[PDB]
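A closer look at the structure
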Amino acid sequence: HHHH
Amino acid sequence: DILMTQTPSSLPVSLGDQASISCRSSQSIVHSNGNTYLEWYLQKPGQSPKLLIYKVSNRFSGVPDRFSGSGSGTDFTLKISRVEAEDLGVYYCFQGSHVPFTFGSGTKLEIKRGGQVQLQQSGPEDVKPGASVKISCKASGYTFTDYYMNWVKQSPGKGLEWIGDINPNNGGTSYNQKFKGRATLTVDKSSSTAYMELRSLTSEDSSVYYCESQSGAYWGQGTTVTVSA
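As documented in the archive entry, the model was determined using X-ray crystallography at 2.7 Å resolution.

This is how it looks when you write it as structure tokens:
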């Protein structure tokens, strides 16, 4: 789920 | 792991002309929240990469609409109408939708011939193989803990590589497995400084290391780590  | 394929690698152009760069992902980079974290960067020789386009088509504050991003799913395009001397350099696409984030191989936009927030990185390091190194990134001009801090490696070997990131506020981390836990990201709130520790260094770790925050909007000048016996 983590994004920049 | 998503592979970003950039085309073409070399793009000769005359001033005033229109350049068009393509980028393709090995698989969809549509994030589950609905966004598509596709970014375009421009790097001039001797400098750090600079953000041009994010989320496929948003222009970073300050970038002229001569630069235009488009695309969808796995197909993306960057178009520069009426190229200027300032546009010359190497362009990179990047996906920040799925960990580990990855960059394209790059496109060299060169001329046809004929006829205040800032990130300060620590000094260069020269170490012996098997040794360990620790570089810093002092932040200022913004709230250090409101944004994730990213670390990027750059070597002629494989261009740009995302190492991992850290939430300065709570210590939450995200790492690129390719580094096999040899990298440790830490932080110091009191001084708004981020740190990166890399151990068991080999010649392959010799590169320029960058810290970048606010989703690639700000970069450090980079730190050169040379590993020689």
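Having seen the structure, we can now continue with the description.
So, on to the interface of chain B and chain A. Listed as interface residues are 17 residues of chain B and, on the opposing side, four residues of chain A. Its residues assigned to classes, the side of chain B that touches chain A comprises six nonpolar, eight polar and three charged.

The subject of this paragraph is the nonpolar core. Residue and element names in this part refer to chain B. In this structure, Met149, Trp151 and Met196 are the most contacted members of the largest nonpolar core, which totals 24 residues. Put simply, the parts of the chain that give this core at least two residues each are β14 (133–140), β15 (149–155), β16 (159–166), β18 (183–188), β19 (193–198), β20 (207–213) and β22 (223–227). The greatest single-element share of this core, amounting to four residues, is contributed by β14. The next biggest cluster of nonpolar side chains, apart from the first, holds 23 residues, and it includes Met4, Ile29, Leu52 and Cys93.

The strands making up a sheet associate through hydrogen bonds between their backbones, and the pairing can be parallel or antiparallel. Residue and element names in this part refer to chain B. Taken in spatial order, the four strands of this open sheet run β1-β3-β8-β7, and their pairing is antiparallel. Of all strands in the sheet, those with a lone pairing partner are β1 (4–7) and β7 (67–72), marking the two edges. In this sheet, adjacent strand axes meet at a mean angle of 15° when their direction is disregarded. Examined bridge by bridge, β7 and strand β8 (residues 75–80) share six bridges and lie antiparallel to one another. Pairing of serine 70 across the sheet is with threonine 77, part of β8.

In this section: the sheet that holds β14(B). Residues and elements named next belong to chain B. What the four strands build is an open sheet, ordered β12-β14-β19-β18; its pairing is antiparallel. Edge positions in the sheet fall to β12 (118–121) and β18, since each of these pairs with one other strand and no more. When the angles between neighbouring strand axes are averaged without regard to direction, this sheet yields 20°.

Residue and element names in this part refer to chain B. Summed over all chains, the structure comprises five salt bridges over all chains. For the salt bridge of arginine 24 with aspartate 75, the shortest nitrogen-to-oxygen distance reads 3.0 Å. With a gap of 51 residues between them, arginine 24 in strand β3 (residues 19–25) and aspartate 75 in strand β8 connect regions that are remote in the sequence. Through salt bridges with shared partners, a single network forms among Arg66, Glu84 and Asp87.

Conventions we followed
Residues numbered from 1 in each chain as written, not as in the entry; some residues may be left out. Chains lettered and ligands numbered in written order. Heavy atoms only, no water. Residues with missing side-chain atoms left out of burial classes, pairs and counts. Contact = heavy atoms within 4.5 Å. Nonpolar A, V, L, I, M, F, W, Y, C, P; charged D, E, K, R; others polar. Core = buried A, V, L, I, M, F, W, Y, C linked by side-chain atoms within 4.5 Å. Buried < 20%, exposed > 50% of the residue type's maximum accessible area, 1.4 Å probe, protein only. Helix = DSSP H or I, 4+ residues; strand = E, 2+ residues; numbered from the N terminus. Pairing = 2+ DSSP bridges. Axes fitted to C-alpha atoms, helices over the stretch in contact; angles between N-to-C directions. Salt bridge = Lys/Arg side-chain N within 4 Å of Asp/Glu carboxyl O.

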